[PDB]
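Q: model this:
(one chain, ligands or ions: 1)
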Amino acid sequence: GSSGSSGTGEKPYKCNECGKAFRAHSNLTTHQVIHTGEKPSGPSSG
Ligand SMILES: [Zn+2]
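A: Numbering: from 1, shown residues only. And now the structure:
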């Protein structure tokens, strides 16, 4: 049998909208584009 695995946090960014995983932050934000909400700035206005 085998044993031994180190858990590192190299990919702290993980898009929880489509199912992806990046390394840097700039990459995530640039990908968040497609996942743009509807008028985020301000209240719900509903
Ligand atoms: Zn995504």
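Q: Now name the helix or strand holding residue 26.
A: According to DSSP states H and E, residue 26 maps onto helix 25-32.
Q: Contact partners for the residue positioned nearest the centre of the chain?
A: Taking CA atoms, centre = their mean, the centroid of the chain lies closest to residue 15, which sits 2.8 Å from it. Going by CB atoms under 8 Å, 6 or more residues apart in numbering, residue 15 touches 21-22, 28, 31-32, 35. Backbone N, C-alpha and C define where each C-beta goes, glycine included.
Q: on that earlier part again, outside of the helix holding residue 26, which residues touch it?
A: Residues contacting helix 25-32 (CB under 8 Å, 6+ apart): 13, 15, 20, 22.
Q: On the three-state scheme, residue 36 is what?
A: coil (DSSP: H, G, I helix; E, B strand; the rest coil).
Q: what's around it, how many residues?
A: 8 (other CB atoms under 10 Å).
Q: cool, and residue 31?
A: 15.
Q: distance of residue 38 from residue 18?
A: 17 Å (CB to CB, to the nearest Å).
Q: still on that earlier bit, any idea how far the residue nearest to the centre of the chain is from residue 4?
A: From residue 15 to residue 4 the distance is 30 Å (CB to CB).
Q: Up against the ion, what does the protein have?
A: Residues of the chain found near the ion (CB under 5 Å from the ion) are 15, 17-18, 20.
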